[PDB]
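Colleague: To start, I am sharing the structure in question, which I have written as structure tokens.
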Amino acid sequence: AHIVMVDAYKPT
Amino acid sequence: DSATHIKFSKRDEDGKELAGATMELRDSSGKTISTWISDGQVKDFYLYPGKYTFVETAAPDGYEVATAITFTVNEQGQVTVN
């Protein structure tokens with residue numbers, strides 16, 4: 001089982 | 001029961017492993033059972049049946065803290081997320 005957490009880029 | 005092998009990935013939006021994120025794993029009572037910083041690898045965990053939460057306390061520069069992720073491991077080893 002995989003759990004994937006994404007760090008979104010800060011606003012441009 | 002036995003421990004279920006959980007693989008955790010902290011990634012950027014491009015799907016690449018991201019280092020520099022300070023992470024917590026908490027049990028159903030909110031107690032921190034594991035603490036670490038991401039280093040560009042998948043992080044392994046072995047959990048008995050219960051409810052847990054991955055929580056990001058600090059993101060590396062240029063990135064936003066992700067929403068915490070709550071999941072459950074049942075007696076048959078199945079993993080259910082939000």
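Simple scheme: letters A, B, ... for chains in structure tokens order, numbers from 1 for residues in each chain, numbers from 1 for ligands in the order shown.
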Counting only C-alpha atoms, what is within 9 Å of segment 19-33 of chain B, bar same-chain residues fewer than 6 positions away, as number ranges by chain?

Modeller: A: 7; B: 10-11, 39-41, 50-61, 65

Colleague: Could you write those residues out with N, CA, C and O atoms, as a PDB file, in the first residue's frame?

Modeller:
ATOM      1  N   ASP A   7       3.707  18.066  -2.202  1.00  0.00           N
ATOM      2  CA  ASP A   7       3.988  19.455  -1.884  1.00  0.00           C
ATOM      3  C   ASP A   7       3.724  20.310  -3.116  1.00  0.00           C
ATOM      4  O   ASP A   7       4.467  20.236  -4.094  1.00  0.00           O
TER       5      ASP A   7
ATOM      6  N   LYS B  10       6.635  11.553  -0.287  1.00  0.00           N
ATOM      7  CA  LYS B  10       6.464  13.000  -0.374  1.00  0.00           C
ATOM      8  C   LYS B  10       7.028  13.458  -1.712  1.00  0.00           C
ATOM      9  O   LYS B  10       8.211  13.264  -1.993  1.00  0.00           O
ATOM     10  N   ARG B  11       6.185  14.054  -2.547  1.00  0.00           N
ATOM     11  CA  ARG B  11       6.603  14.399  -3.900  1.00  0.00           C
ATOM     12  C   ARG B  11       6.216  15.817  -4.288  1.00  0.00           C
ATOM     13  O   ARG B  11       5.361  16.434  -3.653  1.00  0.00           O
ATOM     14  N   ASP B  39      13.830  12.796   2.518  1.00  0.00           N
ATOM     15  CA  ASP B  39      15.191  12.841   1.994  1.00  0.00           C
ATOM     16  C   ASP B  39      15.287  12.395   0.534  1.00  0.00           C
ATOM     17  O   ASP B  39      16.379  12.153   0.027  1.00  0.00           O
ATOM     18  N   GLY B  40      14.146  12.286  -0.138  1.00  0.00           N
ATOM     19  CA  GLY B  40      14.134  11.933  -1.548  1.00  0.00           C
ATOM     20  C   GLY B  40      13.900  10.455  -1.793  1.00  0.00           C
ATOM     21  O   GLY B  40      14.002   9.977  -2.923  1.00  0.00           O
ATOM     22  N   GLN B  41      13.592   9.727  -0.725  1.00  0.00           N
ATOM     23  CA  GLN B  41      13.264   8.312  -0.822  1.00  0.00           C
ATOM     24  C   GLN B  41      11.863   8.045  -0.300  1.00  0.00           C
ATOM     25  O   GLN B  41      11.320   8.838   0.465  1.00  0.00           O
ATOM     26  N   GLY B  50      -5.605   0.204  12.792  1.00  0.00           N
ATOM     27  CA  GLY B  50      -5.936   1.443  13.470  1.00  0.00           C
ATOM     28  C   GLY B  50      -6.064   2.616  12.516  1.00  0.00           C
ATOM     29  O   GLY B  50      -5.903   2.465  11.305  1.00  0.00           O
ATOM     30  N   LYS B  51      -6.359   3.790  13.066  1.00  0.00           N
ATOM     31  CA  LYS B  51      -6.465   5.008  12.271  1.00  0.00           C
ATOM     32  C   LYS B  51      -5.253   5.906  12.504  1.00  0.00           C
ATOM     33  O   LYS B  51      -4.864   6.150  13.645  1.00  0.00           O
ATOM     34  N   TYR B  52      -4.662   6.395  11.417  1.00  0.00           N
ATOM     35  CA  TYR B  52      -3.446   7.198  11.495  1.00  0.00           C
ATOM     36  C   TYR B  52      -3.551   8.462  10.650  1.00  0.00           C
ATOM     37  O   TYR B  52      -4.495   8.628   9.880  1.00  0.00           O
ATOM     38  N   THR B  53      -2.573   9.353  10.789  1.00  0.00           N
ATOM     39  CA  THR B  53      -2.552  10.565   9.983  1.00  0.00           C
ATOM     40  C   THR B  53      -1.140  11.040   9.671  1.00  0.00           C
ATOM     41  O   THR B  53      -0.337  11.267  10.576  1.00  0.00           O
ATOM     42  N   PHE B  54      -0.837  11.178   8.385  1.00  0.00           N
ATOM     43  CA  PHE B  54       0.398  11.841   7.977  1.00  0.00           C
ATOM     44  C   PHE B  54       0.187  13.349   8.038  1.00  0.00           C
ATOM     45  O   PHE B  54      -0.768  13.870   7.444  1.00  0.00           O
ATOM     46  N   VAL B  55       1.067  14.036   8.763  1.00  0.00           N
ATOM     47  CA  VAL B  55       0.968  15.481   8.903  1.00  0.00           C
ATOM     48  C   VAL B  55       2.294  16.177   8.584  1.00  0.00           C
ATOM     49  O   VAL B  55       3.345  15.804   9.128  1.00  0.00           O
ATOM     50  N   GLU B  56       2.239  17.184   7.710  1.00  0.00           N
ATOM     51  CA  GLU B  56       3.412  17.977   7.370  1.00  0.00           C
ATOM     52  C   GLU B  56       3.494  19.244   8.210  1.00  0.00           C
ATOM     53  O   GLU B  56       2.607  20.099   8.148  1.00  0.00           O
ATOM     54  N   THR B  57       4.570  19.368   8.976  1.00  0.00           N
ATOM     55  CA  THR B  57       4.746  20.505   9.868  1.00  0.00           C
ATOM     56  C   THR B  57       5.461  21.649   9.170  1.00  0.00           C
ATOM     57  O   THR B  57       5.206  22.821   9.451  1.00  0.00           O
ATOM     58  N   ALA B  58       6.360  21.303   8.255  1.00  0.00           N
ATOM     59  CA  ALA B  58       7.111  22.309   7.518  1.00  0.00           C
ATOM     60  C   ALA B  58       7.465  21.816   6.121  1.00  0.00           C
ATOM     61  O   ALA B  58       7.924  20.689   5.946  1.00  0.00           O
ATOM     62  N   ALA B  59       7.244  22.668   5.128  1.00  0.00           N
ATOM     63  CA  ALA B  59       7.578  22.345   3.749  1.00  0.00           C
ATOM     64  C   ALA B  59       8.911  22.979   3.374  1.00  0.00           C
ATOM     65  O   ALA B  59       9.272  24.016   3.923  1.00  0.00           O
ATOM     66  N   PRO B  60       9.654  22.358   2.443  1.00  0.00           N
ATOM     67  CA  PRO B  60      10.887  22.996   1.964  1.00  0.00           C
ATOM     68  C   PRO B  60      10.577  24.284   1.203  1.00  0.00           C
ATOM     69  O   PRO B  60       9.441  24.449   0.755  1.00  0.00           O
ATOM     70  N   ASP B  61      11.558  25.172   1.064  1.00  0.00           N
ATOM     71  CA  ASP B  61      11.310  26.480   0.462  1.00  0.00           C
ATOM     72  C   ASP B  61      10.764  26.383  -0.964  1.00  0.00           C
ATOM     73  O   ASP B  61      11.230  25.566  -1.774  1.00  0.00           O
ATOM     74  N   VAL B  65       2.688  23.620   2.481  1.00  0.00           N
ATOM     75  CA  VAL B  65       2.341  22.492   3.334  1.00  0.00           C
ATOM     76  C   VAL B  65       1.088  21.798   2.816  1.00  0.00           C
ATOM     77  O   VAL B  65       0.059  22.439   2.596  1.00  0.00           O
TER      78      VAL B  65
END

Colleague: Counting only C-alpha atoms, collect the residues of chain B whose closest atom lies at most 9 Å from chain A, and write them out as a ChimeraX atom specification.

Modeller: /B:4-13,15,18,21,54,59-69,71,78-79,81

Colleague: Would you give me, as a VMD selection string, the residues in chain B that DSSP reads as strand (DSSP E)?

Modeller: chain B and resid 4 to 11 22 to 26 32 to 37 43 to 47 50 to 58 69 to 73 79 to 81

Colleague: Give me, please, the distance in Å between atom CA of residue 72 of chain B and atom CA of residue 36 of chain B, quoted to one decimal.

Modeller: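 Atom CA of residue 36 of chain B lies at a distance of 20.7 Å from atom CA of residue 72 of chain B.
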
Colleague: Calculate how many Å separate atom CA of residue 74 of chain B from atom CA of residue 35 of chain B, rounding to one decimal.

Modeller: 22.9 Å

Colleague: Rounded to one decimal in Å, what is the spacing between atom CA of residue 75 of chain B and atom CA of residue 47 of chain B?

Modeller: 10.7 Å
